[PDB]
Amino acid sequence: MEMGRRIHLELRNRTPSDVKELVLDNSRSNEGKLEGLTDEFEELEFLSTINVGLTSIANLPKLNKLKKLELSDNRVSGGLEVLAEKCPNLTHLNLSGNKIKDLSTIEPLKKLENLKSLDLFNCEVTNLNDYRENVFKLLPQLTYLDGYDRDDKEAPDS
Amino acid sequence: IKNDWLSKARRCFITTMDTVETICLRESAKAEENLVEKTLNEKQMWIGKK
Amino acid sequence: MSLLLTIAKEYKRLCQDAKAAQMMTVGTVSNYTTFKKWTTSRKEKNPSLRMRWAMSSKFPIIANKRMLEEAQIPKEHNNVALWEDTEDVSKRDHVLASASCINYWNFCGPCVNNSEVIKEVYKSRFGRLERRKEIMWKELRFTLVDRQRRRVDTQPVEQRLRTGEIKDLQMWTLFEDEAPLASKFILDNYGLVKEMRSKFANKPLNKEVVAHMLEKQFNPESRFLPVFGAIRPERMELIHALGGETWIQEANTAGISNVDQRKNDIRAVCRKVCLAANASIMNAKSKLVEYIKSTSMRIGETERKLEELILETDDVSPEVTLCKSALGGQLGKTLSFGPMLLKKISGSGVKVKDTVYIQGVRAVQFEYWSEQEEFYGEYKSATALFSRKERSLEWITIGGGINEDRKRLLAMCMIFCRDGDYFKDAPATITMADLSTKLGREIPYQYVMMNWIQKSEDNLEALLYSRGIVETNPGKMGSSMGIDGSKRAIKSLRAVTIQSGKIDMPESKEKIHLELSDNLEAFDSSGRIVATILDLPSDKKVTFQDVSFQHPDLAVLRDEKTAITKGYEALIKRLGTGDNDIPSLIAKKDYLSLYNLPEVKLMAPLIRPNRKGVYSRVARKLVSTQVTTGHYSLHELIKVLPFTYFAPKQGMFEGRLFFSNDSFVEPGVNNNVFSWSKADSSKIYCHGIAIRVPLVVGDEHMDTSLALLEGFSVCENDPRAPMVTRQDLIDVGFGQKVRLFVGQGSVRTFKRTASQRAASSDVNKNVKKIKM
Amino acid sequence: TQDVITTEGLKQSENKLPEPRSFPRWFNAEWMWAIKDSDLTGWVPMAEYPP
């Protein structure tokens, strides 16, 4: 459909200030750009944008209470420093299915001191040599990677 | 009209080329071989009396 | 926005006038078309001279004003005039300008985000370029090419449609808010509309241009041209650069945009159904219609119904002609006689019976026309222009290129006209066993002789010998044909002229209705037999790919997969509107009811009893998650509801949900047993069988205005019900009335209850009763 | 003949040479992957061992 109508539909007369969860999967976003989001969303604690032909992160407003994000199936590449200012209280992030080439694009995530788990699957970076270890050495605060901690410790359900 | 057409006198090239290649392709087909240079150099065309 | 207010103020000003008010008030909207002509009427005798004269002027292009100001295009970049404030007399909303402006705009003007959309707009021309890039040119030669003037098609096109069907495609892919009431075609072919819609939605484009280009996209350009060699659209589009009357540019173009294999497959399928439906002597016709309707085939990505394809096609072949007759399609004025083609240029006649003794004394009646009659003919790589007269072949002029084909054409033509002594006194060899009733149906004499000639060459030689042989007079040696189809000989067949160069094919843009008999004999408003079942290959075995013969008799699968497919059809049959159904229950979040539906109870025995409980727990769980949140995948629900009959138990879930027949379904990934795609969300592929899902409720992928159209229907007008938006249709309750603007100048009333029964069946049944 | 040649403009078949190329930057990655141990084993067959 379209993020505008999809959102207006999910919001069954509810103000954009009392929700704790939101979903936008299987929609489309013009120019691969977010459209309709603002800082009004304060109580938001979860977000999911999947298979929406997305390619960048520029119109993302400031969200503090956000603590979990999902951007799978899109083609994002390069923009990963906004997270240190908009969602500094973020813990879980996932990017499997996006365009990621090198590690320099990942470095900014070090500033997310609240980061706990990260998920990188099917990306070009994964096809390198000794990559789990180099990432772990870059982001020490991290413990879980793609659902697996150092020593291949499977993470619990939730 | 005379202006527009004179400014388009370049048409003669088309007609002359068509006639010449209408003679050369026809002469070349009767023999199933590339006979254009020979036709151009050799074929004699009566052009007057003297 | 404010623009809306501007439109309303303009309408108000228009209505304040008196004349405009009259013309708007009276009549319907169609008058617009009329008004569209009385305005902007001006032509020019010699356009070339006018354009050249105009271009000299300082400002030969009218242009928009506000767009130029917005784009910061000044009058003069650098001592070069571009435009000057003025108003074009006719438009009154434009300003003169010069051509130089375009160059400036082209080199430093406003740039759009992406212009790759043009590749979709002109897909035909980019296809032309892509095809041209794959042609390996070999070598120019010179020779007198033999060209035959025949009708052909000059554009490779997929899914060729009619003008009526296409018009909805433009409206339903660009202007949905003003789409007319849903037609049969749009409902049937919804994958194509979705595919076109996605490319041209939320885009800055001139909509009219795209619509016109889709019109050309779906139009196979038919032309009457001279032709040489094979006949394929891939060549005819550039024939001008392959050969003329005196030269030939050899080139291999076989493997580009294959369009002949699908025509071949369609004809093979028509042959198969025509040969199947000959078993029922009393009701062959009805069986044929049912057989055609319950069959489909895949074209590229989409799956299309065979009935529509037959209507669209233009294959003038005996197989297709009969099928087109049964459905009621009108067809060309083209006869057939075995694997031969004919076309009556002139003449007339009337049936006249004559006896033929098969062996000793055995009278067999055969009918022969009685008048002069000219006929073009066409056998493989050969052609003719023969004529008959009162049971005699007056003459035949052939212009083919092969001896064998020439002989076969001559023989089948002689048979066509029932000339020769053999028709008077049958050959000794032919017997009464083969004369008739191979399967209880009489076979006239001519088709007996045709089979005789095919059986053995010696019979053919005898038949040709039956036609008198004379001595080749001087000069006529070249225009003579021996028994071996020689160009010249010392003795030759009587009145059999021969020439070089194919006889030009006639042409006629006529459409004749033709019925068919109980024995599949196609009459055409007169005695003529255009086609029959006794002019088709005897039989052959073929493995058809990407086809759907969803009919019991025409099936090879066993009772197990058929039972599962039937169960899934039944489960999809409860997806219709009305209370106590899947969509309504989902709206009421009553997932519990789904577990006790009748069709799941019927389908439960199949489920593997050893681990029925464990599977039941997983599928009973997933539905709730889908149901409660409001984010669900209808296809997964249908796939996993059969397992929700039994009581949950405890156990480990490996990943696959088996049946009792060693066939499983994995929850999420498409497999042979159950498949689908997000592109065409209106098909379910169960063991390679297409099950159409009705369009009564949208899904996250399929969600759009179309996925609900079937649910709605028209009803008696009630002015109390509300007037809603097109988008709000999703939210209306089942069995709730609502008024709605439709198309242009139509306000109707729609009730969300699906009532579209089969019309053909009821009419047929009622009409049959009239004959008792 | 000579006229045939002059007509077709036949000339010896020029022998082309392979164009030179630069340093492969991806051989290293391929090599490193080759040094990895895959999930599956025993692709190659071998004979037996006598007494």
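Structure method, as recorded: electron microscopy, 3.6 Å.
Positions of Cβ are set from backbone N, Cα and C atoms, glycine also.
Over in Swiss-Prot, the protein carries these features:
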- A:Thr15: phosphothreonine (MOD_RES)
- A:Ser17: phosphoserine (MOD_RES)
- A:18-38: repeat 'LRR 1' (REPEAT)
- A:43-64: repeat 'LRR 2' (REPEAT)
- A:65-87: repeat 'LRR 3' (REPEAT)
- A:89-110: repeat 'LRR 4' (REPEAT)
- A:147-156: compositional bias 'Basic and acidic residues' (COMPBIAS)
- A:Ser158: phosphoserine (MOD_RES)
Tertiary contacts of the compositional bias 'Basic and acidic residues' (A:147-156) (same chain, 6+ residues out, Cβ under 8 Å): 117, 119, 136
Intrachain residues whose Cβ lies under 8 Å of the repeat 'LRR 3' (A:65-87), provided they are six or more past its termini: 32, 42-58, 93-101, 105-106, 108-109, 111-112
Integer Å distance between the CA atoms belonging to A:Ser158 (phosphoserine) and A:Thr15 (phosphothreonine): 28
Modified residues listed as A:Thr15, A:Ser17, A:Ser158, least Cβ neighbours within 10 Å: A:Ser158
A:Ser158 (phosphoserine) to A:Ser17 (phosphoserine) - Cα separation in whole Å: 26
DSSP residue counts for the repeat 'LRR 3' (A:65-87), split into helix, strand and coil: 4 helix, 1 strand, 18 coil
Helix, strand and coil counts within the repeat 'LRR 4' (A:89-110) (DSSP): 4 helix, 3 strand, 15 coil
